[PDB]
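J.: My structure is below; once you've seen it, I'll send some questions.
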Amino acid sequence: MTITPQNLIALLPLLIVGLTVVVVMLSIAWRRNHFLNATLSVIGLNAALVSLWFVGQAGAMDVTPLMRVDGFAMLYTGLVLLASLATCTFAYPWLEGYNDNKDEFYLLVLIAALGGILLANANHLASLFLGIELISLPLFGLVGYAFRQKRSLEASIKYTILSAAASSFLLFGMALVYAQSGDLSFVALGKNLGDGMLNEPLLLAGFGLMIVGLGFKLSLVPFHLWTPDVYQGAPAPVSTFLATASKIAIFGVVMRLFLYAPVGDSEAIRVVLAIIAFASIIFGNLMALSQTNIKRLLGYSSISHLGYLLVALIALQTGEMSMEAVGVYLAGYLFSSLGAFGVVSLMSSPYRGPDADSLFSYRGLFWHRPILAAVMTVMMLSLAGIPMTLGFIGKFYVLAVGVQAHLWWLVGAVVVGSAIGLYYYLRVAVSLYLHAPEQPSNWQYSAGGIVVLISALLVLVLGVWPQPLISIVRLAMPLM
Amino acid sequence: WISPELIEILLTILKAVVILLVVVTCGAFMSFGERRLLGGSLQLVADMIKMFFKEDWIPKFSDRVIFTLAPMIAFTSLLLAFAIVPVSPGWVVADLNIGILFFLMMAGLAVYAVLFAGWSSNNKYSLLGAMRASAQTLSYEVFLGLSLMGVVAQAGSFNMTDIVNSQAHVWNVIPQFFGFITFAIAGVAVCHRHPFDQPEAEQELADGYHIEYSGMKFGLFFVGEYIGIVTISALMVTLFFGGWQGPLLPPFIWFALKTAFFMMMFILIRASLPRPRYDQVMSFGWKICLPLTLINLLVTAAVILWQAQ
Amino acid sequence: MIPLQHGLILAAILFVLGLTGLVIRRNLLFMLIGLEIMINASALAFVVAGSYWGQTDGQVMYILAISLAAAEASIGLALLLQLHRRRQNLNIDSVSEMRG
Amino acid sequence: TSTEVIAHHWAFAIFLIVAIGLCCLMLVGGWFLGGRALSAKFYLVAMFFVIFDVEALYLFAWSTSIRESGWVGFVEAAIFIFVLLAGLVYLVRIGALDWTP
Amino acid sequence: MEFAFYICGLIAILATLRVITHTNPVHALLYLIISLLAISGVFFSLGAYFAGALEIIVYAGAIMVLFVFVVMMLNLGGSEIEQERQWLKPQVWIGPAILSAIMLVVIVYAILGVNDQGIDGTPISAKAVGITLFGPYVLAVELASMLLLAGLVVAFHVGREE
Ligand SMILES: CCCCCCCCCCCCCCCCCC(=O)OC[C@H](COP(=O)(O)OCCN)OC(=O)CCCCCCCCCCCCCCCCC
Ligand SMILES: CCCCCCCCCCCCCCCCCC(=O)OC[C@H](COP(=O)(O)OCCN)OC(=O)CCCCCCCCCCCCCCCCC
Ligand SMILES: CCCCCCCCCCCCCCCCCC(=O)OC[C@H](COP(=O)(O)OCCN)OC(=O)CCCCCCCCCCCCCCCCC
Ligand SMILES: CCCCCCCCCCCCCCCCCC(=O)OC[C@H](COP(=O)(O)OCCN)OC(=O)CCCCCCCCCCCCCCCCC
Ligand SMILES: CCCCCCCCCCCCCCCCCC(=O)OC[C@H](COP(=O)(O)OCCN)OC(=O)CCCCCCCCCCCCCCCCC
Ligand SMILES: CCCCCCCCCCCCCCCCCCCC
Ligand SMILES: CCCCCCCCCCCCCCCCCCCC
Ligand SMILES: CCCCCCCCCCCCCCCCCCCC
Ligand SMILES: CCCCCCCCCCCCCCCCCCCC
């Protein structure tokens, strides 16, 4: 369909991020300046947030056969933009330690944010596929940005090969779904069925291959083995972006796909997703038990937390507040992961070159970085689902949503995985305060410290008083 | 066994075979004309007999299939690209809906002759020279299609007969002049014609990829290059100079006159222009001709949309 | 007159062969080749499905698929060249340093 | 299924067959008769060719339907070509397309 | 258009089967080019004329050229993989072949049992694809330009020599 000016108003964050990509690229073409290009990128992302306010002042409508903009899309756009802004802020000191070109980083972060926004508004299989690829390829660049280092090149090769394979799986599944149902829009996948014929074998096989691709992207068992290697090998701001923005955007488009598709309330797909959620929770928590590397530990943590989110997704076509639970949990998980990966990024910045080691060495962090240790232990308590943290509010939402839908196996899985998480998260948070024998001064490092401190304060305050976040998420509802 | 359908299909097949044979013989005669201007038919027959009866020696440390396959590509790619060219009303081989896209298909396949000759000729210098030549041909194939896309935009279709019919009033050399010059440059550079002759001459660490090709494979490369310039000239005529359209002469006479004029102009610009440096050629391509094709497409679209009430 | 089942089965056969080539081959170049086979097979499946319905959306999905194929082939070959110039070895089992 | 289209299909098939067979017969006669007795800039330019060839395919699709898309399609293709040209300007200015540094 | 579809599908299957089990990279890329030309013929048999044209122009004319470029510049002359041929050993290929055969069996069983009126094979022109591309699929085109820009920037950053 044609694009009216109101439709152009509803595309405002997408347009502003694309224009920021063009402007930053032309500025690099003018002169290779780190500060100006980083500033232009963060100005473009903040302008995209203000454009989200302007989009909210407009209506909720279908801008294309491809895109649909509503409060759901606005919430996920805001989450992706916050994650991208935090990634740029954490990236500046680390890139200040870098030696090669250091503005293509911000260009790639902007293009990945553009893909996240497209997935936030995606109402079509074409827009879903394109948003996944626009997330993925800049992350191929960003994970191997320090390709002279062995670990970053290894993580880049693994992520590139496995994401190309997963995109092939997703595209073949989309092709089988389109072979069954003549339309590629979300609301028409399974529409031409009735009288108990919703489980068409070709439609289920197509959704299975799409589940393979998306479950690679979400680090769900058994498509999870890439996660600790890529999280450990990637640069720490890249690990921050990969943990927050990619997972949030892909899970949002999966939420909308299962909300809108008439095949979403299928018993077979629900049982398969229940198996995947159970295995993801238990396996991620069990594999994170004996990890001394903080980044591998957060990779397995991401596996288990996406399992909890999947549990909230399974109850979507039965209950009502599954969308609200996913929103609250995703806000809490975003802020906790931003704090944890930002502490990891700040202590690993500036970049020490490809030859020097990059181990975190979090033991006894309090005796020389007390504020970062306090932020890190708040984040470790939040990822554990401890009360007085927003992670507990998300976990409580997941438990309430599971109890309402009689998903008792998943409820018991959440309880057991939470106990295992208690063990390893408390191990990290108490190793922060022990005594270690042995083993800045610019405002961008201070900006990263302020970002992790504000994330910690948000986690604590919204864990004590979660009503504002619930009220914000509840008014961000999609088209029914 | 007499039916007008069988007569029609047999006559169309005969026309296609006649077109093919005339193109091959014209490529051989243009090879003779370049070798003389810088009997003759008897001399070309003698050359063909000599290349036939000389032993074909494939190198011992060379891959036989790739070495044999490179001259086949160099001949057949643009010789098959000729099949869309309408030489006269009712004298076209294939009236394809894709047309100029089929030409682009054949040129993209044609780069493999250079790549395969360089790899199979087991020599590092020949490999480096082939890498430079293939980089040059990619650098001009990048905008060959857009230089055609201006004319496609004016015609509204990819079919060549539709382009010829849309040039009924004014030939496309006048509105699509920048498309014309960019297509001329790209067609010369794809076929490795002067001034894009020897990109390996800028370094003593490189050699030509035609070295180690003896006898009939060298003859295939030679006649394939001249057939390539013949079909480039015919495409130039049908895309920018009305095809077969003229006031007084029969249509084939007009098409043959324009194609012969363009073949002679390719000979003249070989004899006249000097070859620039390799980096100059690559920079000129990527920095001048690709943006010119993009801007020409934009301006053509704006003019078309304005002139439609 | 050509069944949809036959075109989809052809695409499935090519996809499975590309996945097998991706798994069994230890050279990274052949892994990239298998990836290209898989993405081309999925694009062929989209073209078959679009031709069955008489819609242009199948060829549009093909165009997006080959845009992805071109860009990720570029990225994968750049990473292959980096691995070759840093290790002089394209064995994918040698680049296995990070482990659980 | 008309006579003209099947005639042109047969003519095109005979053209391809006789052409490839003529090349094959030329090589067969040549072989049978007669007695007996690197640098990363190439990757960069090839990758640039691939990327700009895909963007060229988008413009190929646009160019055949300019009148049917109207001025809105012109604006969209102008944004496409602007992004394409900004990428080209970036490649030229960073020295990616500079062959002699 | 039926015989062409079946013979081109057969050629594509045989060519990619030869691709995945070959040792010479240039031979494997040549067989891959043959499979791509066969798939383009399959596209032309179904009436997707633009898709077949782009299969030869882009897939068999740009991407495989990049692969041939990389193979020629890395100069694979049997660097400790050709002299081993570990993929031809039964213990390396037999397992994944069984797994892929099971996946193919499940997928093909899903394909069968689906209603099929048959593919008409009527030509869907490039004009209709262009109308759809710059009509209801505009943002796909713009963000695909952004996708190709991302690939360009990543490949330049990783693959430059210095
Ligand atoms: C404090 C509690 C915790 C907060 C955490 C937030 C995390 C996510 C951030 C983005 C969330 C955006 C959610 C927006 C949902 C809006 C849903 C909706 O329908 O809004 C409509 C409303 C206008 O009302 P109405 O009359 O309905 O409009 C229709 C009239 N045609 O229009 C609106 O409501 C407009 C909404 C505009 C939002 C602008 C946001 C700007 C960015 C703020 C960042 C703050 C710093 C956070 C990070 C700290 C450091 C890490
Ligand atoms: C490791 C620790 C975690 C263990 C796993 C999590 C708990 C598992 C609980 C299993 C419950 C099995 C229920 C089986 C029947 C389900 C279907 C049914 O008919 O349910 C009855 C009823 C809903 O039917 P309705 O007609 O609406 O009746 C309303 C009035 N009850 O249902 C209801 O009204 C609600 C039923 C609630 C069931 C109990 C939930 C609380 C569980 C308490 C703790 C776990 C059990 C005790 C400890 C075990 C060892 C750890
Ligand atoms: C009476 C039956 C009915 C009532 C059931 C009530 C269930 C809930 C209350 C009971 C929970 C029992 C938990 C027992 C384990 C407590 C944790 C523990 O002992 O941790 C210490 C230990 C670390 O110490 P160490 O072994 O020295 O170090 C090894 C690593 N270097 O840590 C480790 O070695 C690893 C610890 C891993 C994480 C803890 C284990 C979690 C297991 C699942 C918890 C839920 C159990 C549900 C019920 C099961 C049956 C009773
Ligand atoms: C050593 C040998 C290697 C292999 C060489 C080639 C093998 C095949 C040779 C035999 C070909 C037999 C004839 C094929 C069919 C010809 C007619 C045809 O294609 O018709 C279909 C279609 C018609 O379209 P149209 O006329 O516009 O509309 C009619 C309405 N339905 O028209 C189209 O769809 C036209 C587009 C398809 C044209 C394909 C032409 C050949 C392409 C491959 C060239 C290979 C070059 C050499 C090797 C390169 C490196 C490997
Ligand atoms: C023969 C046994 C095998 C010998 C070795 C291999 C040789 C090549 C075999 C495959 C290619 C030729 C297949 C036969 C095609 C004959 C022409 C034909 O079937 O035309 C029908 C149709 C015409 O179009 P349409 O208008 O729709 O027709 C209905 C009429 N109203 O046509 C169409 O719709 C499209 C026709 C096909 C597409 C064009 C040709 C594609 C060529 C692909 C070559 C692949 C590489 C081959 C390499 C060989 C060596 C290994
Ligand atoms: C309610 C918030 C809970 C999480 C934050 C915990 C950190 C609070 C601020 C830091 C205080 C650290 C005190 C460490 C004392 C160690 C003494 C060791 C020798 C006895
Ligand atoms: C290795 C970790 C394993 C954790 C397993 C956790 C299991 C928790 C208990 C689940 C009990 C579910 C009971 C469901 C009964 C449903 C009856 C329905 C009747 C209509
Ligand atoms: C360099 C030119 C190559 C041309 C190749 C095709 C030649 C086709 C010859 C066709 C001749 C008859 C055309 C129809 C009749 C009109 C002309 C009558 C007087 C010759
Ligand atoms: C029919 C005549 C119309 C004249 C006015 C045309 C201009 C108004 C409509 C413009 C629509 C342009 C849409 C462009 C979308 C670009 C999205 C880029 C995302 C990165």
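Residue numbers (the entry's author numbering), protein chains in the order written: chain N, 1 to 439, 445 to 485; chain H, 3 to 40, 55 to 325; chain K, 1 to 100; chain A, 5 to 41, 64 to 127; chain J, 1 to 162.
Note that the Cβ used here is the ideal one computed from N, Cα and C, for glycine as well.
Report the three-state DSSP secondary structure of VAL114 of chain J (helix, strand or coil).
T.: DSSP places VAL114 of chain J in coil when its eight states are reduced to three.
J.: Rounded to a whole number of angstroms, what is the C-alpha to C-alpha distance between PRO307 of chain H and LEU83 of chain A?
T.: Using only the alpha carbons, I get a separation of about 16 angstroms.
J.: Roughly how far, in whole angstroms, is the beta-carbon of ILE111 of chain N from the beta-carbon of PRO138 of chain N, given that I think they are within contact range, below 8 angstroms?
T.: About 5 angstroms separates the two Cβ atoms, so the contact holds.
J.: So, helix, strand or coil for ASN40 of chain K, using DSSP?
T.: Reduced to three states, the DSSP call for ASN40 of chain K is helix.
J.: From residue 41 of chain H to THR177 of chain H, what does the alpha carbon distance come to, in whole angstroms?
T.: Here residue 41 of chain H is not present, the numbering of chain H passing from 40 to 55 in one jump.
J.: Going by beta carbon distance, what residues of the same chain come within less than 6 angstroms of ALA69 of chain K, once the five residues before and after it are set aside?
T.: Counting only Cβ-Cβ distances below 6 angstroms, and skipping sequence neighbours, we find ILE39.
J.: Does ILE3 of chain N come out as helix, strand or coil in the three-state DSSP assignment?
T.: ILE3 of chain N: coil per DSSP, three-state reduction.
J.: Are the beta-carbon atoms belonging to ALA155 of chain J and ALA78 of chain K less than 7 angstroms from one another?
T.: Cβ atoms of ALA155 of chain J and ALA78 of chain K: closer than 7 angstroms.
J.: Whose C-alpha, out of N:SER451, N:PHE216, N:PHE140, is nearest the C-alpha of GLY307 of chain N?
T.: With distances taken between Cα atoms, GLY307 of chain N lies closest to N:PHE216.
J.: Tell me the DSSP bridge mates of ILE33 of chain K?
T.: Note: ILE33 of chain K sits in no beta bridge, so no partner.
J.: With DSSP as the reference, identify every bridge partner of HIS124 of chain N, one or two as the case may be.
T.: Its beta-bridge partners are N:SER185.
J.: Please check if any C-beta of chain K sits within less than 7 angstroms of the C-beta of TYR178 of chain N.
T.: With 7 angstroms as the cut-off, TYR178 of chain N counts as an interface residue toward chain K.
J.: I'd like to know whether the C-beta of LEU64 of chain A is nearer than 7 angstroms to at least one C-beta of chain J.
T.: Output row for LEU64 of chain A: interface = yes.
J.: Pairing CB atoms from the region 235-254 of chain N with CB atoms from the region 336-355 of chain N, are three or more of them under 8 angstroms?
T.: Output reads yes: the region 336-355 of chain N touches the region 235-254 of chain N.
J.: Nearest-angstrom Cα distance between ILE9 of chain K and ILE111 of chain J?
T.: Near 7 angstroms, if we compare the C-alpha coordinates of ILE111 of chain J and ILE9 of chain K.
J.: By a C-beta neighbour count over all protein chains shown, 10 Å radius and 16 as the cutoff for buried, is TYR137 of chain J buried or exposed?
T.: By the 10 Å Cβ count, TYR137 of chain J comes out buried.
J.: Here's the rule I'm using: 16 or more other beta-carbon atoms within 10 Å means buried, otherwise exposed. How should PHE16 of chain A be labelled?
T.: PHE16 of chain A is buried by the Cβ-count criterion.
J.: Give me the Cβ distance between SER42 of chain K and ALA175 of chain N, rounded to the nearest whole Å; I'm assuming they're in contact under 8 angstroms.
T.: Indeed they touch by this definition, with Cβ atoms about 6 angstroms apart.
J.: Three or more C-beta pairs closer than 8 angstroms, one from the region 131-142 of chain H and one from the region 207-227 of chain H: is that the case here?
T.: Flag = yes, the region 131-142 of chain H and the region 207-227 of chain H touch.
J.: Taking 6 angstroms as the cut-off, is the CB of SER104 of chain H close to at least one heavy atom of ligand 8?
T.: Yes.
J.: For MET38 of chain K, decide whether its Cβ has a neighbour in chain N, counting only Cβ atoms nearer than 7 angstroms.
T.: So yes, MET38 of chain K belongs to the interface.
J.: Can you name the start and end residues of the alpha helix (DSSP H) that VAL22 of chain A belongs to?
T.: Residues 7-36.
J.: Rounded C-beta distance between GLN449 of chain N and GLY319 of chain N? I'm assuming under 8 angstroms.
T.: So it is not a contact: roughly 44 angstroms between Cβ atoms.
J.: What do you get for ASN139 of chain H, buried or exposed, if any count of 16 or more other CB atoms within 10 angstroms of its CB means buried?
T.: So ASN139 of chain H ends up on the buried side.
J.: Any heavy atom of ligand 3 within a distance shorter than 6 angstroms of the CB on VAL416 of chain N?
T.: Under cutoff, so the answer is yes.
J.: Residues of the region 162-181 of chain H with a CB closer than 7 angstroms to any CB of chain A: list them in chain order, please.
T.: The residues in question are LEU162, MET165, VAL168, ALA169, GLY172, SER173, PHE174.
J.: So what's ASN138 of chain H in DSSP terms, helix, strand or just coil?
T.: Correct three-state label for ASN138 of chain H: coil.
J.: For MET67 of chain N, which of helix, strand or coil comes out of DSSP?
T.: DSSP places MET67 of chain N in strand when its eight states are reduced to three.
J.: Which word fits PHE199 of chain H, buried or exposed, when buried means at least 16 other C-beta atoms lie within 10 angstroms of its C-beta?
T.: When all chains shown are included, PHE199 of chain H counts as buried.
J.: Say yes only if the C-beta of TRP53 of chain N is nearer than 6 angstroms to one or more non-hydrogen atoms of ligand 1, and no if none qualify.
T.: Checking every heavy atom of ligand 1 against the Cβ of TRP53 of chain N, one is found closer than 6 angstroms.
J.: Going along chain J, which residues have a C-beta under 8 angstroms from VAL127 of chain H?
T.: Within 8 angstroms Cβ-Cβ: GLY61, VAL65.
J.: Listing by chain order, which chain J residues have their CB less than 8 angstroms from the CB of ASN138 of chain H?
T.: None at all; the shortest Cβ gap to chain J is about 10 angstroms.
J.: Just verifying my parser: in three-state terms, what is the DSSP assignment at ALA436 of chain N?
T.: Looking at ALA436 of chain N - three-state DSSP - the assignment turns out to be coil, as it is neither helix nor strand.
J.: What are the residues that DSSP puts in a beta bridge with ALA48 of chain J?
T.: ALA48 of chain J is bridged to J:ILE124.
J.: Can you find a CB in chain H that lies within less than 7 angstroms of the CB of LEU37 of chain A?
T.: Yes, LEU37 of chain A lies at the interface with chain H (some Cβ there is under 7 angstroms from its Cβ).
J.: Using C-beta distances below 6 angstroms, list every residue in its chain close to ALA205 of chain H, excluding the 5 sequence neighbours before and after it, in chain order.
T.: Result list for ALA205 of chain H: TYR156, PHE212, in chain order.
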